[PDB]
Chemist: 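Quick one: structure below, then a few questions.
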Amino acid sequence: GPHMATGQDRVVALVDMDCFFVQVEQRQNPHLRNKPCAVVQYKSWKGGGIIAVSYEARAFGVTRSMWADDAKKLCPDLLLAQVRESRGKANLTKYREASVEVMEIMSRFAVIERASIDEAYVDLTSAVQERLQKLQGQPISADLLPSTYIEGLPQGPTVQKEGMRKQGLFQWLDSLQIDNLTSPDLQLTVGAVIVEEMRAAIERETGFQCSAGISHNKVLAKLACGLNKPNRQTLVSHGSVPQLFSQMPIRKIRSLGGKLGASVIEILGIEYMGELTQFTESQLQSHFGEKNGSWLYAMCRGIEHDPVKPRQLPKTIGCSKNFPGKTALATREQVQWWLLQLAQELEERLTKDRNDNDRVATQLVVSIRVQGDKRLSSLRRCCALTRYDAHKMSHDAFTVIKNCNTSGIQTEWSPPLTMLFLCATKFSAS
DNA sequence: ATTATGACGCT
DNA sequence: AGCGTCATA
Ligand SMILES: [Mn+2]
Ligand SMILES: [Mn+2]
Ligand SMILES: [Mn+2]
């Protein structure tokens with residue numbers, strides 16, 4: 001009754017850029033705008049690998065992880081932009097810098113948690129309280145929510161899509177009680193007003209469009225964001241959760257897309273998030289562990305407490321390259337040459353980071369994969385990172401891995417290396 | 001031969 | 001610490 005926690009205390013948004021690397025390339029090159037286009041890395045093997053796809057191209061069935069040659073079979077007029085190559089490898093600097101543009105704008109509205117290169121969570125609870133106090137009990141006009149969907153509406157007693165959005169929004173606003181400054185539905189709505197403003201600012205100041213979700217926690221905000229992409233935002237209320245979750249595959253919820261989610265489905269013999277409500281907390285804990293069980297018990301009721309962390313900057317800076325098939329590194333000087341390439345990019349990014357962000361990395365992590373190993377990483381070793389010097393870092397990385405060489409002869413490297421990875425970690429203020 | 005990342009959990 | 005999981009362009 002009166003003591004049932006309802007996961008309504010916060011207003012949280014997730015803002016995610018639409019087709020982000022494609023938009024970055026379309027801003028730069030107007031010829032790519034409003035076209036089926038994709039961003040590709042490398043070229044020689046099957047046309048290169050697609051890592052981002054415009055919505056026009058998605059209509060032809062083009063997806064991420066498709067080879068461009070294969071994408072061209074679906075979409076012959078597909079336009080392509082290539083990721084920059086520097087020091088023999090893909091270099092993602094243009095996209096990291098475009099990300100900073102967006103993150104800095106969002107940070108003007110609230111403290112953000114950078115969740116990926118193209119998305120961040122926002123805790124809007126305080127901003128909403130302030131806006132409410134300013135509103136002075138004044139109703140919220142539909143004109144303040146021009147790109148907002150209310151999930152689950154319209155419902156009850158027009159065949160155009162914008163038409164439908166407006167009838168849902170109208171039903172929502174008609175029902176609101178703007179008299180109560182503590183009403184969660186009202187708080188979400190004001191949250192959505194602020195996110196319209198945020199998204200307008202991002203588009204005005206960068207040229208990039210994005211989508212967003214507004215809810216009471218991160219998981220619902222993330223889920224909401226995807227419901228009406230691109231260039232729209234979606235409000236998922238607490239009350240919308242039972243219907244939403246009643247047909248929502250478990251794998252769609254963040255963190256359940258992998259083995260845990262598959263185990264929830266197999267062990268419990270269920271398919272949809274809503275079906276979890278029929279298990280006790282202890283039952284879920286018995287199968288999935290204490291933490292996962294409690295998380296699932298609350299999450300299937302729309303409740304989650306994971307805070308929006310105040311962190312706008314990545315806490316690691318890394319450089320990685322695969323050496324697939326017959327390009328695997330089989331000699332010492334090969335291994336050393338590529339460690340240097342990676343280390344030179346790492347030094348460049350580290351030095352920029354120190355100037356921009358007043359911090360220094362103190363640990364270097366070195367990771368390799370060996371031919372035959374299914375695992376992403378075969379071996380990970382750390383050493384001290386005391387100087388931003390590429391030659392020292394690459395020499396140090398070699399030192400930590402030198403014993404992995406199975407060969408009797410030192411000039412040869414075996415079994416051949418199919419991945420190298422350098423990562424700088426453990427930052428301290430400077 | 002999707003690749004290049006990046007956060008967080010376990011023991 | 002080193003490994004595993006899950007995630008996103
Ligand atoms: Mn995106
Ligand atoms: Mn994203
Ligand atoms: Mn994506």
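Because only heavy atoms are used, hydrogens play no part in the values below, and waters and symmetry mates are left out as well, while side chains stay in. Throughout, a chain's letter reflects where its sequence line sits, starting with A, and its residues are numbered from 1.
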Chemist: How long is the span from the CG atom in A:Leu124 to the CD atom in A:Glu130, to the nearest 0.5 Å?
Modeler: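 The CD atom of A:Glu130 is 11.5 Å from CG of A:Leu124, to the nearest 0.5 Å.
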Chemist: Please give me every residue in residues 329-362 of chain A whose heavy atoms get under 4.0 Å of an atom in DNA chain C, ordered by residue number.
Modeler: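 By residue number: none to list.
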Chemist: What nucleic acid atoms does A:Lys46 come within less than 4.0 Å of, heavy atoms only: base, sugar-phosphate, or nothing?
Modeler: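 No contact.
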Chemist: For A:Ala90 and A:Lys309, take the nucleotide of DNA chain B holding the closest heavy atom to each; which residue's nucleotide lies nearer the 5' end?
Modeler: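 Nearer the 5' end of the strand: A:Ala90.
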Chemist: When we call it a touch if two heavy atoms are under 4.0 Å apart, what does A:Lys321 touch: a base, just sugar-phosphate, or nothing?
Modeler: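 A:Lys321: backbone/sugar contact only, no base atoms under 4.0 Å.
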Chemist: Regarding A:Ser414 and A:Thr406, do their side chains bring together a donor and an acceptor under 3.5 Å, going by distance alone?
Modeler: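 On atom types as modelled, these side chains do not qualify, holding no pair under 3.5 Å.
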Chemist: Just grab all the salt bridge (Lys or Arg N to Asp or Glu O under 4.0 Å) pairs involving residues 219-233 of chain A, residues at least two apart or on different chains.
Modeler: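 Residue pairs with at least one partner in residues 219-233 of chain A: A:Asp16-A:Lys222, A:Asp16-A:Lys229, A:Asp18-A:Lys229, A:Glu119-A:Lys222.
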Chemist: Shoot me the first and last contacting nucleotide of DNA chain B against chain A, ordered 5' to 3', at under 4.0 angstrom to non-hydrogen atoms.
Modeler: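 The protein-touched segment is B:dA1 to B:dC8.
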Chemist: Short of 4.0 Å, heavy atom to strand atom, which residues of residues 48-55 of chain A count as contacting DNA chain C?
Modeler: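 Going residue by residue through residues 48-55 of chain A, the ones with a heavy atom under 4.0 Å of DNA chain C turn out to be A:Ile51, A:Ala52.
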Chemist: Quick check: are there more than 12 heavy atoms from other residues, nucleotides or ligands sitting under 6.0 Å from CD of A:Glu162?
Modeler: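 For A:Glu162, atom CD is crowded (more than 12 foreign heavy atoms under 6.0 Å).
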Chemist: Only one of A:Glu196, A:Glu203, A:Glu197 forms a salt bridge (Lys or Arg N to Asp or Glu O under 4.0 Å) with A:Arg199, so which one is it?
Modeler: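 Considering A:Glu196, A:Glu203, A:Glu197, a salt bridge (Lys or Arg N to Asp or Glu O under 4.0 Å) with A:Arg199 is found only for A:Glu196.
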Chemist: When you check the side-chain N and O atoms of A:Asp185 and A:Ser237, is any donor under 3.5 Å from an acceptor?
Modeler: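 A:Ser237 and A:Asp185 do not have a side-chain donor-acceptor pair below 3.5 Å.
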Chemist: Quiz question: by atom type and distance under 3.5 Å, do the side chains of A:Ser107 and A:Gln312 form a donor-acceptor pair?
Modeler: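 Side chains of A:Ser107 and A:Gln312: pair found under 3.5 Å.
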Chemist: Pairs of donor and acceptor atoms involving the side chains of residues 70-77 of chain A, under 3.5 Å and at least two apart or interchain, shall be tabulated with distances.
Modeler:
| unit_1 | atom_1 | unit_2 | atom_2 | d |
| --- | --- | --- | --- | --- |
| A:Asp70 | OD1 | A:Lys73 | NZ | 2.8 |
| A:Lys72 | NZ | A:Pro76 | O | 2.7 |
| A:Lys72 | NZ | A:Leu78 | O | 2.7 |

Chemist: CZ of A:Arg387: more than 12 outside heavy atoms within 6.0 angstrom?
Modeler: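 No, the 6.0 Å shell around CZ holds no more than 12 heavy atoms from other groups.
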Chemist: Once you measure the plane-to-plane angle for A:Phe398 and A:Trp413, does it fall in the parallel (<30°), tilted (30-60°) or perpendicular (>60°) bin?
Modeler: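 Tilted, since the angle between the ring planes falls between 30° and 60°.
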Chemist: By nearest nucleotide on DNA chain B, pick out whichever of A:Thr327 and A:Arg96 is the more 5' one.
Modeler: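 That would be A:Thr327.
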Chemist: Does the side-chain contact (heavy atoms from CB on, under 4.5 Å) test come out yes or no for A:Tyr121 and A:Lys218, once each step is laid out?
Modeler: CA-CA 7 Å; A:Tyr121 297 91; A:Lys218 290 159 73 173; 3.6 Å; yes
Chemist: According to ring-ring contact (aromatic ring centres under 6.0 Å, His included), who are the partners of A:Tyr388, at least two apart in sequence or on a separate chain?
Modeler: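 If we apply the ring-ring contact (aromatic ring centres under 6.0 Å, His included) test to A:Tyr388, skipping adjacent residues, there are no hits.
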Chemist: Taking atom P in both C:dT8 and B:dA1, what distance in whole Å separates the two?
Modeler: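 The same atom, P, in both gives a distance of 25 Å.
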Chemist: Look at the side chain of A:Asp389 and the backbone N and O of A:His391, then say whether any donor-acceptor pair between them is shorter than 3.5 Å.
Modeler: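 Yes: the side chain of A:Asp389 pairs with the backbone of A:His391.
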Chemist: Looking at every strand, decide which applies to A:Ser65 at a 4.0 Å heavy-atom threshold: base, sugar-phosphate, or nothing.
Modeler: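 Base contact.
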Chemist: First and last nucleotide of DNA chain C in contact with chain A, 5' to 3', at under 4.0 Å to a heavy atom: what are they?
Modeler: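 Result: C:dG2 to C:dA9.
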Chemist: Just grab all the salt bridge (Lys or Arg N to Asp or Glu O under 4.0 Å) pairs involving residues 317-336 of chain A, residues at least two apart or on different chains.
Modeler: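 Passing the test, one end in residues 317-336 of chain A: no pairs.
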Chemist: Do other residues, nucleotides or ligands put more than 12 heavy atoms under 6.0 Å from A:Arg96 CZ?
Modeler: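 Enclosed: over 12 neighbouring heavy atoms sit under 6.0 Å from CZ of A:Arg96.
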Chemist: Mind checking A:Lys326 for me? I need base, sugar-phosphate or nothing, with any heavy atom below 4.0 Å counting as a touch.
Modeler: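 No contact at all - A:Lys326 keeps every heavy atom at 4.0 Å or more from the nucleic acid.
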Chemist: Under 3.5 Å, sequence neighbours excluded: what are the donor-acceptor pairs made by side chains of residues 41-53 of chain A?
Modeler:
| unit_1 | atom_1 | unit_2 | atom_2 | d |
| --- | --- | --- | --- | --- |
| A:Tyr42 | OH | A:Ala90 | N | 3.0 |

Chemist: Within the 3.5 Å criterion, strictly below it, is a donor on A:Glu151 or A:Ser240 matched to an acceptor on the partner's side chain?
Modeler: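 Per modelled atom types, A:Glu151 and A:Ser240 side chains form no pair under 3.5 Å.
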Chemist: Can you list, by residue number, the residues of residues 368-392 of chain A that have a non-hydrogen atom closer than 4.0 angstrom to DNA chain C?
Modeler: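 Of all residues in residues 368-392 of chain A, the ones placing a heavy atom under 4.0 Å from DNA chain C are A:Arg375, A:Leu379, A:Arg380, A:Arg381, A:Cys382.
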Chemist: Within residues 422-430 of chain A, find the residues that approach DNA chain C with a heavy atom at under 4.0 Å, and present them sorted by residue number.
Modeler: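 Those residues whose heavy atoms fall under 4.0 Å from DNA chain C, taken from residues 422-430 of chain A, amount to none.
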Chemist: Might you work through the side-chain contact (heavy atoms from CB on, under 4.5 Å) test for A:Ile401 and A:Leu417, ending with a clear yes or no?
Modeler: CA-CA 11 Å; A:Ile401 75 167; A:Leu417 299 186; 4.3 Å; yes
Chemist: When all nucleic acid strands are considered with a 4.0 Å heavy-atom cut-off, which category describes A:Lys94: base, sugar-phosphate, or nothing?
Modeler: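 The answer is nothing, as A:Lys94 stays clear of every strand by at least 4.0 Å.
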Chemist: Check whether the ring centres of A:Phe323 and A:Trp338 lie less than 6.0 Å apart, and answer yes or no.
Modeler: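 For A:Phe323 and A:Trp338, the ring centres are under 6.0 Å apart.
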Chemist: Find the distance between CD (A:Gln278) and CG (A:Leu284) and round it off to the nearest 0.5 Å.
Modeler: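 The distance works out to 11.0 Å.
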Chemist: Between A:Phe60 and A:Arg58, is there a cation-pi geometry (under 6.0 Å to ring centre, at most 45° from the normal)?
Modeler: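 No - A:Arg58 does not lie over the ring of A:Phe60 by the 6.0 Å and 45° rule.
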Chemist: Strictly below 4.0 Å, heavy-atom distances to any atom of DNA chain C: list the hits from residues 18-42 of chain A, or just say none.
Modeler: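 Contacting residues: A:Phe20, A:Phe21.
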